[PDB]
């Protein structure tokens, strides 16, 4: 199973309840990418950490949030936290790479959730 394989790349140490949620977050993404034929690209990006992979997109919601098992969050934040930065606190800490065509900030009909298309930046000035 691709879900168990992708979960093997998950960052951080989660408790029982948190583990179950992360699994639902991976299952949710896997179901979407399977329908659009982008599943192999996610496997490639996650297992190899290759920045030069294609955008991995999902439809953007009206308010930008994604709900997974009764919890809402920004999808690029969810998947960047899951596979790269477990202590990432917000989207203000993320900036998309130059080659990202569907970066969250662009506010297109599709949002790129490829964690290797984002970089961490300094928290904005007050």
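Numbering follows the first chain given and starts at 1.
Note to self: Averaging CA B factors per stretch from the PDB record, which one is higher: 15-23 or 107-115?
What the structure shows: According to the PDB entry, the answer is 15-23.
Decide which of the stretches 48-56 and 79-87 has the higher mean C-alpha B-factor, going by the entry. Taking the mean B-factor of the alpha carbons in each, 48-56 is higher.
In terms of CA temperature factor as recorded, identify the highest of 68, 99, 42, 74.
Of the candidates given, the C-alpha B-factor peaks at 99.
Place residue 121 in the lowest, middle or highest third of its chain's C-alpha B-factors, as listed in the PDB entry.
It falls in the bottom third of the chain.
message = Considering every modelled residue of the chain and its Cα B-factor in the PDB entry, is residue 94 in the lowest, middle or highest third?
response = For residue 94, the deposited C-alpha B-factor lands in the lowest third.
Could you tell me which third, lowest, middle or highest, the C-alpha B-factor of residue 62 occupies within its chain? CA B-factor rank for residue 62: highest third.
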